[PDB]
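There are 2 protein chains.
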Amino acid sequence: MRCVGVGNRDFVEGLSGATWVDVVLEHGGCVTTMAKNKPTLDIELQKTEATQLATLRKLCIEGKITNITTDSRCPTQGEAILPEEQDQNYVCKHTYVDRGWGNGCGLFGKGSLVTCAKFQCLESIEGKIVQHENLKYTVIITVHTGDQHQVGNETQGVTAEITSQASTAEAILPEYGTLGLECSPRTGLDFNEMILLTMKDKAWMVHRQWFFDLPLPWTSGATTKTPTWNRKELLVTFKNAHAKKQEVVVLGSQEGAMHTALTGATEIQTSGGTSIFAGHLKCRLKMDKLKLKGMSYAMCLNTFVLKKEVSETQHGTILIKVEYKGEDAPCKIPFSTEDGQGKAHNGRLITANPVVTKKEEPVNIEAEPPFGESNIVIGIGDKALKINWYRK
Amino acid sequence: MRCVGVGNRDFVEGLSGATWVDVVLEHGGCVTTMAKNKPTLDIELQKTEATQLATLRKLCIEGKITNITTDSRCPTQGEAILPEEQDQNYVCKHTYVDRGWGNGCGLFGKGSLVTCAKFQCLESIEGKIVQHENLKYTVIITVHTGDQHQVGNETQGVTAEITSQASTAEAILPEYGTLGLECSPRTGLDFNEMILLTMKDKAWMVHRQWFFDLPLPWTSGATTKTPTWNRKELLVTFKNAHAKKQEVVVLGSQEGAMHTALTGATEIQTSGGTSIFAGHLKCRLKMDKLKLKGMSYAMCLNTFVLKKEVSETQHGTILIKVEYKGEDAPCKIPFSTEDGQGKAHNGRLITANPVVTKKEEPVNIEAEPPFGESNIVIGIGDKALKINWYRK
Ligand SMILES: *[C@@H]1O[C@H](CO[C@H]2O[C@@H](C)[C@@H](O)[C@@H](O)[C@@H]2O)[C@@H](O[C@@H]2O[C@H](CO)[C@@H](O[C@@H]3O[C@H](CO[C@@H]4O[C@H](CO)[C@@H](O)[C@H](O)[C@@H]4O)[C@@H](O)[C@H](O[C@@H]4O[C@H](CO)[C@@H](O)[C@H](O)[C@@H]4O)[C@@H]3O)[C@H](O)[C@H]2NC(C)=O)[C@H](O)[C@H]1NC(C)=O
Ligand SMILES: *[C@@H]1O[C@H](CO[C@H]2O[C@@H](C)[C@@H](O)[C@@H](O)[C@@H]2O)[C@@H](O[C@@H]2O[C@H](CO)[C@@H](O[C@H]3O[C@H](CO)[C@@H](O)[C@H](O)[C@@H]3O)[C@H](O)[C@H]2NC(C)=O)[C@H](O)[C@H]1NC(C)=O
Ligand SMILES: *[C@@H]1O[C@H](CO[C@H]2O[C@@H](C)[C@@H](O)[C@@H](O)[C@@H]2O)[C@@H](O)[C@H](O)[C@H]1NC(C)=O
Ligand SMILES: *[C@@H]1O[C@H](CO)[C@@H](O)[C@H](O)[C@H]1NC(C)=O
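In order, the protein sequences belong to chains A and B.
Numbering follows UniProt numbering, in which position 224 of the first sequence is assigned residue number 504; successive positions increment by one, without gaps.
Numbering follows UniProt numbering, in which position 7 of the second sequence is assigned residue number 287; successive positions increment by one, without gaps.
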């Protein structure tokens with residue numbers, strides 16, 4: 281009964297005739313399902329974690345200059361040269377500074393000079409490439425047991441992983457059997473014109489082209505260190521208007537500027553490996569092998585006293601909690617729906633075939649009452665439990 | 281002789297008649313001045329440091345969240361509340377989450393919820409406000425002694441501070457007297473429509489209006505800690521689409537984005553407190569009480585041997601270094617300019633009244649030879665020194 285108490289909750293009907301029941305599992309969503317002589321299921325879609333990815337490019341957003349070296353020749357004696365002009369960890373720019381007797385050159389004129397700066401990237405962006413057959417949605421299916429605490433507990437689920445190519449698999453629900461599902465991963469983002477850009481614990485999804493266009497020093501992705509940052513000119517600058525000495529200057533973090541830019545793009549909020557993509561996944565459940573929780577049970581012959589005051593959910597159902605003051609042991613719970621007097625049936629039951637498993641464990645049931653006045657009859661003849669109800 | 285070797289160098293002539301000489305001292309500049317029977321000065325404008333400033337406001341560019349606290353009531357039981365909502369250190373937002381039996385509220389419906397977060401600023405900007413009558417320009421005046429090392433040494437000068445309201449002040453040059461200057465600081469930036477915005481070791485100067493408009497958490501300037509950051513929401517964001525829990529999230533450093541935004545703005549090189557401003561300061565020096573280095577000397581009667589090969593400066597002068605193999609002691613240096621034969625004077629002498637102070641200290645002299653062929657005659661009769669020269 282996980283879905284119990286979830287805002288976005290879909291109730292799917294069994295279609296009296298056949299078994300299969302197609303669904304639509306979506307993030308922030310949940311779906312209760314029910315069928316004729318079939319348990320009521322609460323199928324949810326937990327995550328849309330992409331398995332392994334391939335990192336394409338790798339942008340730098342925080343540069344730190346180190347080991348500044350320089351060399352300078354006099355007038356009429358060619359440019360200077362540092363071996364650092366050939367290293368790639370180093371960015372260098374030549375320039376011309378006044379030179380005379382004063383500063384060591386017996387000749388007067390514009391001398392030559394070159395400066396270099398070892399570049400080390402602190403923080404950086406990784407632009408990843410994900411595609412269709414790379415995703416593994418995890419479905420959690422909690423059967424309506426009626427268990428004492430089962431009411432809206434996102435824990436009790438029966439886990440099932442459904443990949444793009446293992447498209448149809450089956451879950452084994454304790455004492456219910458096996459639920460086969462036939463899902464088909466459709467996605468409203470073409471993972472062919474989109475890059476999964478990471479950055480610290482976060483992650484977006486943008487255009488290949490755009491991502492590539494960003495003004496940022498990069499290094500075609502690869503693990504275990506020491507890059508050769510390309511285009512370090514977009515973060516490292518050189519100034520020298522007075523022609524005296526040349527100042528080196530990094531640009532400071534682009535984290536902020538990137539967030540600001542990543543406005544309209546959809547977020548993904550990375551979890552430290554896995555990710556939550558919005559993916560409206562459509563299946564079709566096979567009720568076949570899925571058996572029920574014993575029709576071979578007798579009807580309970582005693583009383584049910586309402587342990588927790590009944591409540592209405594955000595959709596138009598009730599949740600009854602009752603304790604059996606019997607001794608019947610395993611037995612069905614007599615559910616008789618009254619239209620105010622006792623002539624017909626207007627409201628139906630959600631928790632299919634509610635049972636008392638142990639005299640000592642309270643039983644939760646969820647029903648869908650009629651409109652306006654309605655009376656319930658949980659039990660039999662002798663002091664049978666009555667709950668009058670007003671709907672709408 | 282500091283100026284000697286400076287690219288942008290200005291030769292200001294005496295205007296034969298009176299004493300005063302107006303000049304124009306500028307960053308990146310240097311001016312050699314000269315007059316009749318007056319020493320040749322080398323006025324330069326060192327720094328344009330603004331004395332004491334007041335911080336108007338103070339924006340924050342990097343936020344760090346801490347001690348996250350929250351409180352949430354059931355449905356139909358009003359919003360939740362925290363004592364932190366009243367704290368200025370905490371930024372808080374209310375929102376609504378699904379509530380049911382499961383998560384502790386016997387009633388079903390949308391619950392109330394408030395979350396808070398102790399905001400703390402790591403790095404922050406300072407917007408100061410300077411106004412003309414605040415700053416002290418520092419002029420360095422080196423006289424052309426002709427001293428052994430003085431050739432372009434930016435050390436030997438005679439310091440002078442000229443403030444906006446200390447408009448005219450005088451400097452004592454050793455063995456030359458006193459030079460008076462009547463400066464009038466003019467600047468091409470209205471320090472009334474601009475704020476000097478610092479940021480780490482850097483600093484620019486932008487429009488008050490713009491500065492304030494910046495999307496940043498501020499705290500009207502004040503020293504010795506513990507701010508009450510105003511409008512913290514411009515860095516802190518809150519998420520809650522699924523209505524389960526509320527996520528706290530900062531925006532990361534704006535350093536980059538700021539630099540990025542500070543493009544057109546003119547820079548100032550804030551160096552440990554004091555700063556450099558582009559200021560074309562215009563003076564007028566009084567040559568009056570500025571005497572010269574003894575006309576009371578006799579002419580040197582021996583030989584001078586060129587100690588360092590003479591060289592042409594970036595403008596069109598020459599720098600003569602010579603040793604006096606004499607014994608005359610303190611004496612003038614007979615400077616005769618030849619037009620190629622000995623009929624007239626085409627070239628002058630920049631280094632005024634060149635003198636040898638000690639037989640054992642070389643003397644440097646700067647002269648301005650005629651165009652084309654020219655011959656120099658330093659000394660008298662006996663093997664006197666000659667330097668053939670070709671100009672243009
Ligand atoms: C820019 O200016 C600086 C300062 O110039 C000062 O010079 C004074 C003479 C005086 O006019 C001041 O008013 C003026 O401001 C220059 O500096 C000077 O550097 C020189 C060169 O290094 C220092 O000269 C001394 O040289 C001594 C001998 O070294 C030999 O010289 C022989 C020449 O006969 C030569 O044949 C040899 O081959 C060898 O090179 C050396 O022994 C001195 O050491 C000093 O020892 C005394 C103790 O007696 C100490 O008190 C002193 O501090 C030294 O340790 C010197 O090295 C001179 O000291 C420096 N002067 C000062 C105080 O700064 C600078 O060079 C110049 N820049 C340029 C244009 O190159
Ligand atoms: C949400 O559900 C969990 C787990 O609910 C479990 O209940 C038992 C009765 C089984 O039906 C099981 O399949 C189901 O998953 C609730 O947490 C706690 O569960 C404990 C049972 O494991 C329970 O009792 C104690 O005794 C058992 C052994 O018999 C022991 O394993 C436990 O550690 C525990 O000591 C305990 O009462 C229950 N928690 C509390 C304090 O009530 C959880 O309570 C549910 N949340 C809600 C809606 O309150
Ligand atoms: C904020 O917490 C400060 C540190 O207390 C920590 O104690 C740990 C045991 C754990 O509970 C953490 O969550 C706490 O942060 C504490 O010293 C301050 O008093 C707290 N309040 C302020 C000033 O923010
Ligand atoms: C650069 O300087 C560091 C110390 O700052 C030194 O360890 C290193 O040898 C120098 N050369 C390199 C590798 O850049």
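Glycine is no exception: its CB is placed at the ideal position from the N, C-alpha and C atoms.
Apart from sequence neighbours up to five positions away, the residues of its chain that approach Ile348(B) with a beta-carbon distance below 6 Å are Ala397 and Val528, ordered along the chain. In its chain, beyond the 5 residues on either side, no residue has a beta carbon closer than 7 Å to the beta carbon of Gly297(B). At a Cβ-Cβ threshold of 8 Å, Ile600(A) and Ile667(A) count as neighbours.
In the three-state scheme derived from DSSP, where H, G and I count as helix and E and B as strand, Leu586(B) is classed as strand.
Applying a distance threshold of 7 Å between residue Cβ atoms and the heavy atoms of ligand 3 selects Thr346(B), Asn347(B) and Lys398(B), given in chain order. Note that the C-beta distance between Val530(B) and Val371(B) is not below 8 Å. With respect to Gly285(B), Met314(B) sits apart: the two C-beta atoms are not nearer than 8 Å. Leaving aside the five residues that flank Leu494(B) on each side, the residues in its chain whose CB is nearer than 7 Å to its CB run, in chain order, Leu339.
Counting along the chain, the unbroken alpha helix (DSSP H) around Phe492(B) starts and ends at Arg488 to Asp493. When secondary structure is reduced to three states using DSSP, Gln366(B) falls in the helix class. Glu450(A) is the residue among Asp351(A), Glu450(A) and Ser444(A) whose C-alpha sits nearest the C-alpha of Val438(A).
When secondary structure is reduced to three states using DSSP, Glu535(A) falls in the helix class. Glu653(A) and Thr617(A) have their C-alpha atoms roughly 11 Å apart. Between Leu325(B) and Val419(B), the gap from beta carbon to beta carbon is short of 8 Å.
Along the segment 498-576 of chain B, the beta strand (DSSP E) occurs as fully enclosed runs of 3 or more residues at 517-519, 527-529 and 561-566, listed in sequence order. Looking at the backbone, the Cα of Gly287(A) and that of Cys354(B) are separated by about 15 Å. In this chain, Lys638(B) is not harboured by any beta strand (DSSP E), its DSSP state being neither H nor E.
Below 8 Å, too few C-beta pairs join the segment 359-370 of chain A and the segment 576-595 of chain A to call them touching: fewer than three. By the neighbour-count criterion, in which a residue is buried when 16 or more other Cβ atoms sit within 10 angstroms of its Cβ, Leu402(B) is exposed. Judged by DSSP in its simplified three-state form, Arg353(B) adopts coil rather than helix or strand.
With a cutoff of 8 Å on beta-carbon distance, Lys569(A) and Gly457(A) are scored as near each other.
Taking non-hydrogen atoms of ligand 1 into account, the C-beta of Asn644(B) is found less than 7 Å away from none of them. Counting only Cβ-Cβ distances below 8 Å, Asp378(A) has contacts in chain B at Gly285, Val286, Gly287 and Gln594, in chain order.
For the 8 Å CB-CB criterion, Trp484(A) and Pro497(A) do not form a contact. The criterion of a C-beta distance shorter than 8 Å is not satisfied by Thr546(A) and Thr478(A). Taking C-beta atoms under 8 Å as the contact rule, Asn433(A) and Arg282(A) qualify, at a distance of about 6 Å. In chain order, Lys338, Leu339, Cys340, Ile341, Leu477, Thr478, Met479, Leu496 and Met538 place their CB closer than 8 Å to the CB of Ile405(A), counting only its own chain and leaving out the 5 sequence neighbours on each side.
The segment 454-474 of chain B and the segment 568-585 of chain B touch, with three or more beta-carbon pairs separated by less than 8 Å. Relative to ligand 1, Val438(B) has its C-beta separated by 7 Å or more from all heavy atoms. Using a Cβ-Cβ cut-off of 8 Å, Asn383(A) is close to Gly285 and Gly432 of chain B, given in chain order. Residues whose Cβ lies closer than 7 Å to any heavy atom of ligand 2, listed in chain order: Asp427(A), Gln428(A), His429(A), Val431(A), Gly432(A), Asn433(A), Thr435(A), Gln436(A), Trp381(B) and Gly382(B).
Across the structure, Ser447(A) and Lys566(A) are spaced so that their CA atoms are roughly 14 Å apart.
Contact check for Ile598(B) against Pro649(B) passes: the beta carbons are separated by less than 8 Å. Going by C-alpha positions, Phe557(A) is about 10 Å away from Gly468(A). Taking 7 Å as the cut-off between beta carbons, the residues of the segment 531-563 of chain A near chain B are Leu531, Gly532, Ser533, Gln534, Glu535, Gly536, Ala537, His539 and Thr540, in sequence order.
Taking a beta-carbon distance threshold of 8 Å, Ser591(A) counts as an interface residue toward chain B.
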